[PDB]
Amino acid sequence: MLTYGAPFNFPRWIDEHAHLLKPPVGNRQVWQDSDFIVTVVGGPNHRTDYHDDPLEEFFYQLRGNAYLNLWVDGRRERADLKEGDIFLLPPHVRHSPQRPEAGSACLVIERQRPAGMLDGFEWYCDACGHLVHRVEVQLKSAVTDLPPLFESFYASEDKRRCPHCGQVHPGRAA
């Protein structure tokens, strides 16, 4: 049977969920309990964390524009996601998505992680670029598994202290 229901109009679905594609929620998973994690991410949202995903991520920027701060080959880089752009991110490429536009919408597709395949979330020093803090997580549920992790980093000057230059990371926003 059609466990995930029948086909449905995507632009209409996005419009109808527009109130959830803005702060404080910012995103919405389309189907529940599926192998493919299909999410629409709106805006505005900025962030300071870099994700280390052990699997690929697919992006299709449907509405508005966004960009990904990356680390590529030891250097800091930016991949722009202009409206209409698609992108496939390889495993383990550190990325920090920035979505400054209200009313933007990006289709993001990931896969469920098998037991033992962990995700990393990392912060880097604005002053010297050294890794400041990394947490590895078995990522089941995104909604419960991630906010406390981010909160506890922002709450602690110890966690936020660069081990190489002692500069304390701004936490939630530079």
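Position 1 is the first residue in the sequence shown; the rest follow in order.
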item	value
Higher-B stretch (mean Cα B-factor, as the entry records it), 89-97 or 75-83	75-83
Mean C-alpha temperature factor, higher of 145-153 and 52-60	145-153
Largest Cα B-factor, entry values, listed residues 118, 127, 68, 37	127
From 111, 46, 140, 134, residue of greatest CA B-factor	140
Modelled-residue ranking by C-alpha temperature factor, third containing residue 171	highest
